[PDB]
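Two separate entries follow, structure 1 and structure 2, each one form of the same protein chain as structure tokens.
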Structure 1
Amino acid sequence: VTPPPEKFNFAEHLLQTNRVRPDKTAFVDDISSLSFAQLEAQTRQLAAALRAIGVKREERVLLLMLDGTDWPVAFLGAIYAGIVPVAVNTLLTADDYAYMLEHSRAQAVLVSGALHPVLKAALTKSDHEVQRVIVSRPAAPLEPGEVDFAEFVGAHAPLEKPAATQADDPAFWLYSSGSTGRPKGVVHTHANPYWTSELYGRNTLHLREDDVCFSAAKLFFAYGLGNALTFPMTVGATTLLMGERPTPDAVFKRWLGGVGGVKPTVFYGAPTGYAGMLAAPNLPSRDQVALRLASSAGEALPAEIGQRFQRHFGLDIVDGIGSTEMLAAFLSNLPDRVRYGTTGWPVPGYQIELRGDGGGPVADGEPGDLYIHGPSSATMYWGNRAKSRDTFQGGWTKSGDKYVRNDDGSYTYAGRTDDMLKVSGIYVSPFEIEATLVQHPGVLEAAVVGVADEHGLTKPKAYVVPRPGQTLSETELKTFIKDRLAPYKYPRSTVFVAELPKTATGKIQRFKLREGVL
């Protein structure tokens, strides 16, 4: 792959790529569609609209939007103007967004109507710098200083030229959370999604123009941003977008061609979703679907899930591991080379190292800390030099995973170095769940560990010491955490215990709980 030119605007790059196909559908959702021509027009009008309200090159805007045809307009329109969109999870709390508004110094917000109430709460409580709120598909009356997204776009003539950015300039941020502390602002450059889209989307998955791409992973996830925006636009594929939660039935409806007149040929999701679909009584037969490629990321794919999918559909699931920091997969199985129980082989263009307790080589078959040297690495965590130093060191990026290299050069996941769990393919901190549990008045102590379920998928498990003299049932605890935590964070079971194993010092010996001591 040839490097991008040093003068490079990623949005203009994707627009230019598709000037050969102006009338092909770029994006389609339940209620709307954009050809590549329409996408370019709306992208450049939104770029002008943001400039017209005073947002300047290198300033940030918060992009808080459900998947839908407005999402790539917002993302690419900001980037075309040299404005940095901060693309964020749509399932967070008002306090999370308040932090992100202050930390990013966002100058405007592009928000789905369904998400306006949580954004409103975030605005009210924070010391933010938001000059304008642009609401895509409002679900309630607008306030002054608020404008409808379609009117905002339609009220401004398209920007005549993109900002004269360099390839290594920041282009967008994503946020990623560790086991403690605030979400970290992961800074990606214009070059980084070129590298992922060429090295992985094109050269590994072999996506092509006649594909129809559909990702259960939403666009704010690094994984979904490639799957359903940067990869398909790089090759001219058509992309199906879906705002609603990706239940098996919602996914099947689209596989069967229920939206946009198109049947997806490429699907992407997490192993948990593949397990849920395989368990579904109305799982489609392979003659009903047009899938030619099934991608997975976000947690290790249990071998039996892949084998069951392959037996049913005659298609493998192609498991690869990326991260927010590396943007897309750096280890992956191939469409025609799949070893279940492993994450496959290094993606060409990426160098992989396993390092031991002194930073040196580990022997084959032995676990080591995974480090990645590749051209798509984020540059830093914005405003956090200490965590940046720990992670981005001289061309290498520390993943926080442990891996084992097998004799065929494949890599087998061996756990984390930082207590984080990957549940439904999404990062969950056990410490957050514990801190929620101990706020119930009947809970004295709580410890949360990851346990593999009947399909080998890790779910949280809570061990709770009740306060003596209080009655506390499993159902009341379930009720307590229902609206306090997002559903993927729910402990799969709770065990009430009389005490927790602690060192002579008071630290919970969580390994004894994973070993089943209680």
Structure 2
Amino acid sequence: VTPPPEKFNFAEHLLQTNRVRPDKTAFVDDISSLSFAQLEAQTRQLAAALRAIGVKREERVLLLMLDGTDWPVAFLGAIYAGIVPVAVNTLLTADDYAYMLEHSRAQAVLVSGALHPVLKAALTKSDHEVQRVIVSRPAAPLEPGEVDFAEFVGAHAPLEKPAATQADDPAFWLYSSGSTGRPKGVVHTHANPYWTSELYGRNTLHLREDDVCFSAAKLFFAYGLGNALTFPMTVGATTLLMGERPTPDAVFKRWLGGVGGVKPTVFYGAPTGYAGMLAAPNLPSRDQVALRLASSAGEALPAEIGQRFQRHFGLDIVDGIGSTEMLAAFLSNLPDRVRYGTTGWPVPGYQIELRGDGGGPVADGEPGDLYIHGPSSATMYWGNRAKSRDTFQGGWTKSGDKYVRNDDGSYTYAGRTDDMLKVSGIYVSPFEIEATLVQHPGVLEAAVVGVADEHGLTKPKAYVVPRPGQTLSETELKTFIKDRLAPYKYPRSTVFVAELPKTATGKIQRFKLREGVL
């Protein structure tokens, strides 16, 4: 892959590479569609519009939007102007977005109407710098200083040229949560999604122009941002977007061509979603779908899930591992080389190192801390020098995963190095769940650990000590949590115990809980 030139604007790059296919559908969703030419026009008009409201090069805007045709316009339009979009999870709380507004110093927000209430709450509680709110598909009357996204785009002529950005200039942020502390602002350059889209989207997945890409992982996920934006635009594929929650029924409807007159040829999702789909009694037969490639990320793919999918569809699930920090997969199975129970082989262009506690090599078959050297690494966590130095050093990026290298060069996930859980491809801190449970007045202590279901898919499991003189229901706690945290941050099962296992120091013996002693 040829490196991007020193002067490089990733949005310009994606627009330019599709000037040969102006009338092909770039993006289609439930209610709208954009050809590549329409996408380019709206992108450059939004770029002009953002500059007109005074957002300057390198300033941030918050992109808080459901998947839909407006999303790539917002993302690329900002980048084309040299403005840094901060693309965020749409399922978070007002508290979460309040922090993101403050930390990013976002000068404007591009928000879906359905998310306007939580954004409004975040704006009211925060010390933000937001000058304008741009509402895509408003679901309530606009407030002062808010503008409809279509009107905002429609009111400005296209910017003539992209900002004169450098390949190594920041292009966009994603936020990544760790086990404690605030979410980290992961800074990606213009070059980074070029490298992922070439090394992985084109050269590993072999995406091509006639594909129809459809990702259950939303665009704000590093995974989905490649799957359903940077990858397909790099090759001219058509992308199906879906705003609603990706349930088996919702995915099946898209697979069967229920939207846009298109049948996806390439699907991406999390192992949990594949398992839920394989269990569904209305699972389509392979004769009904156009799938040629099934991609997985976000959590390890149990061999039994992939084997069952392959038996039913005659397609493998191609499991790869990426991270927010590396932007896309650095270890992956190949479309025609799948070893279930492993994450496959280094993606060409990425170097992988496993390190033991001494920082030295580890023997094959022994677990080591996974480090990645690749051209798509984020530059830093914005405003967190300490965590940046711990994660990014000397061209190597520390994943916080443990991995085993097998005899055939494949890599098998061996767990985390920080108790983070990955439920449905989204990071979940067990400590955040625990601290919310203990706020319930009937809870004395609580411990949340990751426990595999029969499938080998890790889910949060709560061990709760009730307070004497109170009785607790499991649903009572789930509700209590949903009233405070994002809606997916709840234990999948809860066991009430008289006492938690602890060391002499009072430290909870989480391994005993995981291992099932109680």
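Numbering runs along the sequence of structure 1, starting at 1. Here, rigid core means the biggest group of C-alpha atoms that superpose within 1.5 Å across both forms.
- Superposed on the rigid core, the two forms differ between structure 1 and structure 2 by 2 Å or more at the C-alpha of one listed residue only; from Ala48, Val451, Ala37, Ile481 that residue is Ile481.
- On the core-superposed pair, the CA position of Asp419 changes by 0.7 Å between structure 1 and structure 2.
- Core-based superposition between structure 1 and structure 2 puts the Cα shift at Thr471 at 2.3 Å.
- For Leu513, the Cα deviation between structure 1 and structure 2 after core superposition amounts to 1.1 Å.
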